[PDB]
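Next up is one chain by itself, shown in structure tokens, the form deposited in one PDB entry.
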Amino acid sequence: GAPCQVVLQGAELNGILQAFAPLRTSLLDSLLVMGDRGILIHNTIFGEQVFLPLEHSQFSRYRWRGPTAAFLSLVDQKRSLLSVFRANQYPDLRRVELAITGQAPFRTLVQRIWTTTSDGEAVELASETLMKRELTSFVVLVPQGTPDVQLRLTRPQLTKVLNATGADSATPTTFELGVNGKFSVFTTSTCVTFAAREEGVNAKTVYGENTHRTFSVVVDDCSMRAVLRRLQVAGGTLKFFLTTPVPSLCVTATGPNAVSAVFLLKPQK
């Protein structure tokens, strides 16, 4: 086949069908930048950016020998190399496999499926294998490294954070940390707080890293409530990047794999 092979056997394909399961048709109109150290599936929802890195360890067998190839997810803009990955699209999936043959400017992907039917025999549908060429020139942009502040959150907490602040445009949505280990996210009307603690090496204690740093940051467009509630995010962790001249804050889905949205803020007043 290709030199560069991806395969998901049922164990790892259940572990990924669940990653796509917490629920979406978001990341179907996507972009996959595949290379060594895995597939990065990037999309923009409500303007803001969302990433879902799919590590090479997270597949059953992965090997990328060659430079990165970038595939638009929607093959002829209708199907999707991940439209198989939904919860209950074809509920007989046993294996899926990707081989991207050819050379560095013209690597072309083929995706193959395998269902099981009774007596456990495994049938490849020849009508639900997709094939997508690479992109000649993509330019994708990415976040960086160990964050400037970091804290853990849970589905009730995160619900509280989104509902608190996220009030629609004409409402400046302000995140803030206080001394004595305090977090607050407040807006023109609502103000919810949480104490963050150590041991991260009743609904308002989190256990984080970078637990010392304050900030009074503000987001300008109001998407956190709606990006995060579109991915049906069951909580997660928040990670603040403040070094760059505009901070960006990266909310992840702690539950096992991630669809992480990164958010660009109003210049701190």
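Residues carry their position along the shown sequence, with the first being 1. So that the term is clear: the rigid core is the largest set of C-alpha atoms that superpose within 1.5 Å between two forms.
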### Query
In at least a third of the other compared PDB entries, does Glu199 have no coordinates?
yes
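Omitted from view is the form deposited in another entry, to which the following refers.
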## Note on the structure
A Cα shift of 2 Å or more between this form and the one not shown, after fitting the rigid core, is seen among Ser169, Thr129, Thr190, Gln103 only at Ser169
### Core-superposed C-alpha of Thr117 shifting 2 Å or more between this form and the one not shown
yes
